Amino acid sequence: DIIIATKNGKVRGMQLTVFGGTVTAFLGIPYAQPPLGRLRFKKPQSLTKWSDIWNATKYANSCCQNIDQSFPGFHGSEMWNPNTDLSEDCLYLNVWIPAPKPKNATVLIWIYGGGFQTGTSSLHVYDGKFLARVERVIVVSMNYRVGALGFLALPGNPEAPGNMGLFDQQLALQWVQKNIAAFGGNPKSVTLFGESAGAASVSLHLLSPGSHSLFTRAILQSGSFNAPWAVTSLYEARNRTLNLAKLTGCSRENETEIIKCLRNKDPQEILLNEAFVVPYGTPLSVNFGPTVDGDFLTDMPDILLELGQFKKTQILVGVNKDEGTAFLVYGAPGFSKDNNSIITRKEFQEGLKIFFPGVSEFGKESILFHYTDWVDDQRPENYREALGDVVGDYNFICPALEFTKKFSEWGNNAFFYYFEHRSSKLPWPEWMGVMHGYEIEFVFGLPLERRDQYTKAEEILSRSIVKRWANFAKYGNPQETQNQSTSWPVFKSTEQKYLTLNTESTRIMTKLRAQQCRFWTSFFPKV
Ligand SMILES: *[C@@H]1O[C@H](CO[C@@H]2O[C@@H](C)[C@@H](O)[C@@H](O)[C@@H]2O)[C@@H](O[C@@H]2O[C@H](CO)[C@@H](O)[C@H](O)[C@H]2NC(C)=O)[C@H](O)[C@H]1NC(C)=O
Ligand SMILES: *[C@@H]1O[C@H](CO[C@@H]2O[C@@H](C)[C@@H](O)[C@@H](O)[C@@H]2O)[C@@H](O[C@@H]2O[C@H](CO)[C@@H](O)[C@H](O)[C@H]2NC(C)=O)[C@H](O)[C@H]1NC(C)=O
Ligand SMILES: O=C(CC(c1ccccc1)c1ccccc1)NC[C@H](O)CNCC1CCCCC1
Ligand SMILES: *[C@@H]1O[C@H](CO[C@@H]2O[C@@H](C)[C@@H](O)[C@@H](O)[C@@H]2O)[C@@H](O)[C@H](O)[C@H]1NC(C)=O
Ligand SMILES: *[C@@H]1O[C@H](CO)[C@@H](O)[C@H](O)[C@H]1NC(C)=O
Ligand SMILES: *[C@@H]1O[C@H](CO)[C@@H](O)[C@H](O)[C@H]1NC(C)=O
Ligand SMILES: *[C@@H]1O[C@H](CO)[C@@H](O)[C@H](O)[C@H]1NC(C)=O
Ligand SMILES: [Cl-]
Ligand SMILES: [Cl-]
Ligand SMILES: [Cl-]
Ligand SMILES: [Cl-]
Ligand SMILES: [Cl-]
Ligand SMILES: [Cl-]
Ligand SMILES: [Cl-]
Ligand SMILES: [Cl-]
Ligand code: NA
């Protein structure tokens, strides 16, 4: 029986058998006052002490969120839906520690994604026990508020200041600083890692002065704050808050009185109205996301990045070969997960209008022109593949490359990866390729479990990636030094080398998507 005295009271964990060894798990430790009643829409409050023993023996509630039912019964989408009760009382975190208790272990803190509208730390592909077992690091993950409940912004109004979910994440980092030593962890060796909106959160913690001293290094998988979906302007943030107020019958002339009215609404009334706060949307719509609040974010983050105003440390950044394709089956005409989605030129043009609704006709013609220079113009997958690359390059790859270039210009080691292995267990069809989200299981080491029917080559690849991530967190350098691997070189603004990750041949290349990213980063903003 293992029990740990934290600064707020004793917690009891559970022992787990992983790979013929033991990992101790503390699931569902509270780290803030439940943000209920008058605390809804406020920054999270400090946790009042307790004198009993908290049984941290099961995952806690997930934060309120809509659950999309686009593919009912399909494991490809339902593996992402919350697997605990939805409650506003969701500010809990989880801790995996190796057995026996380590002496001074490096800590990896996961921040899940989900477009800032969904997500929970209890997903099976976020299970930190494999990493604890195999690399003897400590894994932490927290639940943070999402959607309106996490990001509604009446900016300057402390009743709804914005960025509440980001402050949830920060309060959890603060908990690790105060308490992880009691679990055998090293508060001075803390690496944040997250994917998608979680990766954008990680990059915002690099900009936030309150987070500076709460972590050492950062890993950004398929996301960064300069991605077009990742920050909502103050103009949209106020239009969306007032639209949500109109939809719930909460329009009041006193801005503080709107929030009082929204605080008496059921979570479901708020959730069912989150969709319609914008008149036009896309599959990458983020209706309630990070804002420049003057607190977590002191200025527009593109300015902070461009002028070197961020934590100076190492970063690991990367993207997957087919970031875009998942978004095509959530709205592009002619696309299906149940057929090969061969689309015509005309369907490609309608696809562009879906993803770029307020872009001029000339702007959409420029995208078409850049992306239809066929190698083989007889190839019938041509338009299907170009629309995927349009959405992936614009929304993830080019922003991540630009983040890494600007960050490394201020003298820090950066490492960039290109993940191009399609999981053999991937439930989505083959035309969707190496999808958004499907490197996570490799990072968390699920293919290390031989029972799970991943291939042998996939076990090798996961084993290698797990070591690289752990070596980055421990030593700031993501090498696999023992198995004659390819050496991962630093990403420099001039050569811009990156590592490809795959089963067959991990190799070094330069200037990923160079021509595409010139179009998106330099030309497309002008249209
Ligand atoms: C800012 O919001 C207004 C209002 O949005 C409408 O009302 C909300 C309560 C919600 O139901 C939304 O879906 C509505 O669109 C936007 O004004 C609307 O714009 C559309 C398209 O331009 C137009 O067809 C509607 O008639 C407008 N309705 C009203 C009441 O003005 C406005 O576009 C938003 N500003 C943005 C998005 O920049
Ligand atoms: C691929 O499928 C899409 C979606 O159609 C649905 O799924 C299919 C597997 C099949 O079971 C269809 O009967 C389903 O309706 C096809 O696009 C649809 O085409 C119909 C035909 O007129 C149209 O009414 C719908 O609006 C279309 N929906 C979308 C989202 O485009 C598409 O034609 C199929 N492509 C190929 C190459 O077979
Ligand atoms: O997950 C989200 C987030 C959202 C998003 C928006 C902007 C940036 C990044 C992500 C998204 C992601 C993928 C498709 C559509 C939307 N929203 C809930 C929807 O159920 C999407 N299902 C989640 C998974 C679908 C298949 C593979 C990817 C994950
Ligand atoms: C635990 O280790 C501490 C040193 O941590 C190391 O230095 C910092 C700057 C980071 O770069 C981190 O990655 C390193 O692991 C010691 O200061 C501390 O006294 C140690 N405490 C115990 C109990 O062992
Ligand atoms: C916590 O778990 C132990 C052992 O399973 C049990 O004896 C104890 O009563 C539990 N405490 C609470 C508050 O449920
Ligand atoms: C609005 O509500 C707040 C909260 O009680 C109050 O302080 C303020 O005086 C009210 N009136 C105006 C005009 O802000
Ligand atoms: C290196 O190779 C051995 C077998 O030769 C394997 O057991 C080990 O897990 C590998 N390590 C990494 C980090 O890939
Ligand atoms: Cl702004
Ligand atoms: Cl490619
Ligand atoms: Cl061009
Ligand atoms: Cl053609
Ligand atoms: Cl297939
Ligand atoms: Cl095909
Ligand atoms: Cl190799
Ligand atoms: Cl390329
Ligand atoms: Na390429």
# chains A, B, ... in the order shown; residues from 1 in each chain; ligands from 1
call {"tool": "select_by_dssp", "arguments": {"residues": "stretch 321-511 of chain A", "states": "strand (DSSP E or B)", "output": "list in words"}}
result
residues 322, 414, 415, 416, 417, 418, 419, 435, 497, 498, 499, 500, 501, 508, 509 and 510 of chain A
call {"tool": "residues_around", "arguments": {"residues": "residue A:28", "least_positions_apart": "5", "cutoff": "8 Å", "atoms": "only C-alpha atoms", "output": "CSV table (one decimal) with N, CA, C and O atoms, in the first residue's frame"}}
result
chain,number,residue,atom,x,y,z
A,56,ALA,N,-7.1,8.1,-4.9
A,56,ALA,CA,-6.9,8.5,-6.3
A,56,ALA,C,-6.7,7.2,-7.1
A,56,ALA,O,-5.6,6.8,-7.7
A,57,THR,N,-7.8,6.5,-7.3
A,57,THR,CA,-7.8,5.1,-7.8
A,57,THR,C,-8.7,4.9,-9.0
A,57,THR,O,-9.0,3.8,-9.4
A,58,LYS,N,-9.2,6.0,-9.6
A,58,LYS,CA,-9.9,5.9,-10.8
A,58,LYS,C,-9.9,7.3,-11.5
A,58,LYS,O,-9.7,8.3,-10.8
A,59,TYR,N,-9.9,7.3,-12.8
A,59,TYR,CA,-10.0,8.6,-13.5
A,59,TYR,C,-11.2,9.4,-13.0
A,59,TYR,O,-12.2,8.8,-12.7
A,60,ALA,N,-11.0,10.7,-13.0
A,60,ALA,CA,-12.0,11.6,-12.5
A,60,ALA,C,-12.9,12.0,-13.7
A,60,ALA,O,-12.7,11.6,-14.8
A,92,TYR,N,-9.0,17.7,-12.2
A,92,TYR,CA,-8.2,16.7,-11.6
A,92,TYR,C,-7.0,16.4,-12.5
A,92,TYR,O,-7.0,16.7,-13.7
A,93,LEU,N,-6.0,15.8,-11.9
A,93,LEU,CA,-4.8,15.3,-12.7
A,93,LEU,C,-4.5,13.9,-12.3
A,93,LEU,O,-5.0,13.4,-11.3
A,94,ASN,N,-3.5,13.3,-13.1
A,94,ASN,CA,-3.1,12.0,-12.9
A,94,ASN,C,-1.6,11.9,-12.8
A,94,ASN,O,-0.9,12.7,-13.5
call {"tool": "atom_distance", "arguments": {"atom1": "atom 2 (O, counted along the ligand's line) of ligand 2", "atom2": "atom CA of residue A:283"}}
result
17.9 Å
call {"tool": "residues_near_ligand", "arguments": {"ligand": "ligand 5", "cutoff": "9 Å", "atoms": "only C-alpha atoms and all ligand atoms", "output": "VMD selection string"}}
result
chain A and resid 1 12 52 to 57
call {"tool": "write_last_selection", "arguments": {"atoms": "N, CA and C atoms", "output": "short mmCIF file (atom, residue, chain, number, x, y, z; two decimals), in the first residue's frame"}}
result
data_model
loop_
_atom_site.label_atom_id
_atom_site.label_comp_id
_atom_site.auth_asym_id
_atom_site.auth_seq_id
_atom_site.Cartn_x
_atom_site.Cartn_y
_atom_site.Cartn_z
N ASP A 1 0.81 -1.22 0.00
CA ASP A 1 0.00 0.00 0.00
C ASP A 1 0.85 1.27 0.00
N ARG A 12 -3.87 8.15 -1.90
CA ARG A 12 -3.57 6.73 -2.08
C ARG A 12 -3.60 6.37 -3.56
N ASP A 52 -8.37 13.75 5.41
CA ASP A 52 -8.58 12.32 5.22
C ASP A 52 -7.56 11.80 4.21
N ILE A 53 -7.82 10.64 3.63
CA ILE A 53 -7.03 10.10 2.54
C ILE A 53 -7.89 10.14 1.29
N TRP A 54 -7.40 10.82 0.25
CA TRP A 54 -8.05 10.80 -1.05
C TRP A 54 -7.69 9.52 -1.79
N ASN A 55 -8.70 8.82 -2.28
CA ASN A 55 -8.47 7.58 -3.03
C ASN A 55 -8.34 7.95 -4.50
N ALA A 56 -7.10 8.13 -4.95
CA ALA A 56 -6.85 8.47 -6.35
C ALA A 56 -6.70 7.18 -7.15
N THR A 57 -7.83 6.46 -7.25
CA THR A 57 -7.83 5.09 -7.76
C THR A 57 -8.71 4.92 -8.99
#
call {"tool": "residues_near_ligand", "arguments": {"ligand": "ligand 2", "cutoff": "6 Å", "atoms": "only C-alpha atoms and all ligand atoms", "output": "PyMOL selection string"}}
result
chain A and resi 333-336+338-342
call {"tool": "closest_residue", "arguments": {"among": "A:82, A:481, A:404, A:122", "to": "residue A:306", "atoms": "only C-alpha atoms"}}
result
A:404
call {"tool": "closest_atom_pairs", "arguments": {"of": "stretch 26-120 of chain A", "to": "stretch 195-201 of chain A", "cutoff": "12 Å", "atoms": "only C-alpha atoms", "output": "tab-separated table"}}
result
residue	atom	partner	partner_atom	distance
A:109	CA	A:198	CA	10.8
A:110	CA	A:198	CA	8.1
A:111	CA	A:198	CA	4.9
A:112	CA	A:198	CA	4.8
A:113	CA	A:198	CA	4.2
A:114	CA	A:197	CA	5.9
A:115	CA	A:197	CA	5.1
A:116	CA	A:197	CA	5.9
A:117	CA	A:197	CA	9.1
A:118	CA	A:197	CA	9.6
A:119	CA	A:198	CA	9.4
A:120	CA	A:198	CA	10.9
call {"tool": "write_last_selection", "arguments": {"atoms": "N, CA and C atoms", "output": "compact mmCIF listing (two decimals), in the first residue's frame"}}
result
# COMPACT_ATOMS: atom_id res chain seq x y z
N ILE A 109 4.70 16.12 -18.61
CA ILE A 109 3.33 16.57 -18.37
C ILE A 109 2.61 16.65 -19.71
N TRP A 110 1.61 15.79 -19.88
CA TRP A 110 0.79 15.76 -21.08
C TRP A 110 -0.33 16.79 -21.03
N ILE A 111 -0.55 17.49 -22.14
CA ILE A 111 -1.69 18.40 -22.31
C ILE A 111 -2.47 17.95 -23.55
N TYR A 112 -3.64 17.35 -23.34
CA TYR A 112 -4.33 16.77 -24.49
C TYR A 112 -4.85 17.86 -25.42
N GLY A 113 -5.13 17.46 -26.65
CA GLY A 113 -5.78 18.32 -27.61
C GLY A 113 -7.26 18.02 -27.73
N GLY A 114 -7.87 18.62 -28.77
CA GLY A 114 -9.30 18.53 -29.00
C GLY A 114 -9.88 19.85 -29.44
N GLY A 115 -9.09 20.63 -30.18
CA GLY A 115 -9.55 21.91 -30.70
C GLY A 115 -9.96 22.94 -29.66
N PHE A 116 -9.49 22.81 -28.42
CA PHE A 116 -9.94 23.62 -27.28
C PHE A 116 -11.44 23.48 -27.00
N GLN A 117 -12.15 22.56 -27.66
CA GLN A 117 -13.56 22.32 -27.37
C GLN A 117 -13.83 20.94 -26.79
N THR A 118 -12.88 20.01 -26.89
CA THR A 118 -13.09 18.64 -26.43
C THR A 118 -11.79 18.15 -25.80
N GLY A 119 -11.85 16.93 -25.26
CA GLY A 119 -10.63 16.32 -24.77
C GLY A 119 -10.76 15.88 -23.33
N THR A 120 -9.95 14.90 -22.97
CA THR A 120 -9.85 14.45 -21.59
C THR A 120 -8.56 13.68 -21.47
call {"tool": "residues_around", "arguments": {"residues": "stretch 65-77 of chain A", "least_positions_apart": "3", "cutoff": "9 Å", "atoms": "only C-alpha atoms", "output": "MDAnalysis selection string"}}
result
chainID A and resid 62 80:82 86:87 117:119 145:147 149 267:268 271:272 274 330 426:428
call {"tool": "write_last_selection", "arguments": {"atoms": "C-alpha atoms", "output": "compact mmCIF listing (two decimals), in the first residue's frame"}}
result
# COMPACT_ATOMS: atom_id res chain seq x y z
CA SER A 62 -13.99 14.84 -17.79
CA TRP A 80 -11.42 10.20 -28.86
CA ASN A 81 -14.66 10.74 -26.92
CA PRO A 82 -14.58 11.12 -23.13
CA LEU A 86 -18.96 14.83 -18.04
CA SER A 87 -19.04 17.26 -15.13
CA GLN A 117 -13.56 22.32 -27.37
CA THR A 118 -13.09 18.64 -26.43
CA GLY A 119 -10.63 16.32 -24.77
CA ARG A 145 -11.85 23.23 -19.11
CA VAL A 146 -12.73 23.49 -22.81
CA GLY A 147 -15.28 25.25 -24.92
CA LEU A 149 -16.64 26.98 -20.00
CA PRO A 267 -24.02 23.28 -18.77
CA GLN A 268 -26.09 21.73 -21.55
CA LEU A 271 -22.93 23.51 -24.81
CA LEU A 272 -25.78 23.14 -27.28
CA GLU A 274 -21.58 26.90 -28.62
CA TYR A 330 -16.07 16.22 -41.48
CA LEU A 426 -5.44 2.57 -37.79
CA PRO A 427 -9.23 2.16 -38.17
CA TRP A 428 -9.58 4.89 -40.82
call {"tool": "residues_around", "arguments": {"residues": "residue A:255", "least_positions_apart": "2", "cutoff": "12 Å", "atoms": "only C-alpha atoms", "output": "ChimeraX atom specification"}}
result
/A:153-161,238,241-242,245,250-253,257-262
call {"tool": "select_by_dssp", "arguments": {"residues": "stretch 199-424 of chain A", "states": "alpha helix (DSSP H)", "output": "PyMOL selection string"}}
result
chain A and resi 199-207+234-248+255-263+267-273+301-306+325-328+345-355+361-371+382-392+398-408
call {"tool": "residues_near_ligand", "arguments": {"ligand": "ligand 12", "cutoff": "7 Å", "atoms": "only C-alpha atoms and all ligand atoms", "output": "list in words"}}
result
residues 429, 430 and 431 of chain A
call {"tool": "write_last_selection", "arguments": {"atoms": "N, CA and C atoms", "output": "PDB file, in the first residue's frame"}}
result
ATOM      1  N   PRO A 429      -9.629   4.579 -43.266  1.00  0.00           N
ATOM      2  CA  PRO A 429      -9.175   3.976 -44.531  1.00  0.00           C
ATOM      3  C   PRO A 429      -7.814   4.498 -44.983  1.00  0.00           C
ATOM      4  N   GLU A 430      -7.259   3.795 -45.971  1.00  0.00           N
ATOM      5  CA  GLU A 430      -5.869   4.003 -46.367  1.00  0.00           C
ATOM      6  C   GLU A 430      -5.638   5.340 -47.067  1.00  0.00           C
ATOM      7  N   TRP A 431      -6.614   5.843 -47.833  1.00  0.00           N
ATOM      8  CA  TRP A 431      -6.420   7.136 -48.480  1.00  0.00           C
ATOM      9  C   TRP A 431      -6.188   8.253 -47.469  1.00  0.00           C
TER      10      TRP A 431
END
call {"tool": "closest_residue", "arguments": {"among": "A:469, A:183, A:447, A:281", "to": "residue A:354", "atoms": "only C-alpha atoms"}}
result
A:281
call {"tool": "residues_around", "arguments": {"residues": "stretch 123-126 of chain A", "least_positions_apart": "2", "cutoff": "7 Å", "atoms": "only C-alpha atoms", "output": "number ranges by chain"}}
result
A: 80, 83, 120-121, 128, 440-441, 444
call {"tool": "closest_residue", "arguments": {"among": "A:518, A:194, A:439, A:401", "to": "residue A:493", "atoms": "only C-alpha atoms"}}
result
A:401
